[PDB]
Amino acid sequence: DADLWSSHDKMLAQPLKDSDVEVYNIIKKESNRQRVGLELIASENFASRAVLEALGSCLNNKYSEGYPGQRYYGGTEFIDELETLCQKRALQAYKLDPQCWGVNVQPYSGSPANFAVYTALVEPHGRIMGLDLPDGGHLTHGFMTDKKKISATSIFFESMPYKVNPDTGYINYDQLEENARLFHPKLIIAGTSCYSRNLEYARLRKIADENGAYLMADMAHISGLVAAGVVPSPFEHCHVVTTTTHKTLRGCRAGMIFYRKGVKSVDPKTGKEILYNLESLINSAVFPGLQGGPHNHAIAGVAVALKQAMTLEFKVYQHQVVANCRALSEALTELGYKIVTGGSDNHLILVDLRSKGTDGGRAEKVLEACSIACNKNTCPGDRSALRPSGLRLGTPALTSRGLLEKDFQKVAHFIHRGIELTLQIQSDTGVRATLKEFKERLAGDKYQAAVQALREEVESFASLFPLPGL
């Protein structure tokens, strides 16, 4: 009667460790995996303990559909304090005049943030232009083939990509300018997932105005760098700026949408001023358009991450991120590796493995087997996305653990050793071999000892550094 009811109360207060050992262990094994490994996936990072704590708060429970001062349900005085605080901070982090900029901090992640913007400004079947996927663009920027529209962006809107010059490695703004006059985009996306150089925002803005299109920046990858001023800000030339809250910003998974406010334009003779309406449209799209109840626990993590993003420690961190990237880039360049574009203005680089006689697909697996985390990626000039020539390496994750230039040089050496091992296996299985066979030889008995040797040396080196979280 009441024996089991007390057991119920004990169930909701019982620690994860006892309540679900199966899930507890998976988390433990994962924490260990992250500790002993070398994280070089550009999109990765480590959230601060303060941010992670906010996620487990009672904020999870409150349904707060709507916005501060425009809620559906009542009892949101504390939730309103939090959301208003989070957006106040978001504007500060980028030094934005509240009278000129506004922000929506409700997007569940980066992709939902982007889609929300298209839904509000582009509308069904409206045209969008983004960097081609194999050229370093993101799925949310549009992706389709002769056969089908793959990304939701291509499915609900009409997208056509602009490309990177296969020779230089830089975005071909000239071809974009030409095609925009033919396509008539309603919105141009200025953002990348795998690009080492700064974007010519002013030029993009010019091309946008010529076609009466919106210029939307997707700063997901460089959000942290832009915050610390380590890279030029997209806010000066863009109408809308979307972003992820994790990655280089070090918060929890979520997203934000920044939009222009105030005077859009004026009439020379009448003096009548037209104002921006981005705030209303974008807010309406997030809710009641696309999303439901806000994830207040995440909005807290974001708010916390934004306070940290404004500290000097963070600024130093971001400068170190770029310094480590330069160190890593030049170390590999000196070693005969071809870096697309020759270098980088940010946290990542794209290494063209054709310079060493191999590809990123094979190199990715070998490096993984040795606890070196990174991802394959097509290079400008690749005749097939099935056999990508490069590897995308980013420094934010390891930099957060304390790594410095000297450490990144050691990391560069470790990476090269992985490539040697890759080359060995590649030649050992023949020149007409498939990726399927390569994976088998890698997990085979012949290279078992070599992999373990390198893996252990990698793991013992990574183990020397702290792992933010706990």
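From 1 onward, residues are counted along the sequence shown.
Of the two segments, 109 to 117 and 377 to 385, the one listed with the higher mean B-factor is 377 to 385 (C-alpha atoms only). Look at the mean CA B-factor for 272 to 280 and for 220 to 228 in the entry; the higher one is 272 to 280. Of all the options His297, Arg253, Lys264, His239, the entry's greatest CA B-factor is assigned to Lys264. Among all modelled residues in this chain, the alpha-carbon of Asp428 has a temperature factor (C-alpha) in the highest third.
Residue-level temperature factors show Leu312 in the highest third of its chain, judged at the C-alpha atom. Among the modelled residues of the chain, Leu435 sits in the highest third by CA temperature factor in this PDB entry. Among the modelled residues of its chain, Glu65 has a C-alpha B-factor that falls in the lowest third according to the deposited record. The entry lists a Cα temperature factor for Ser151 that places it in the lowest third of the chain's modelled residues.
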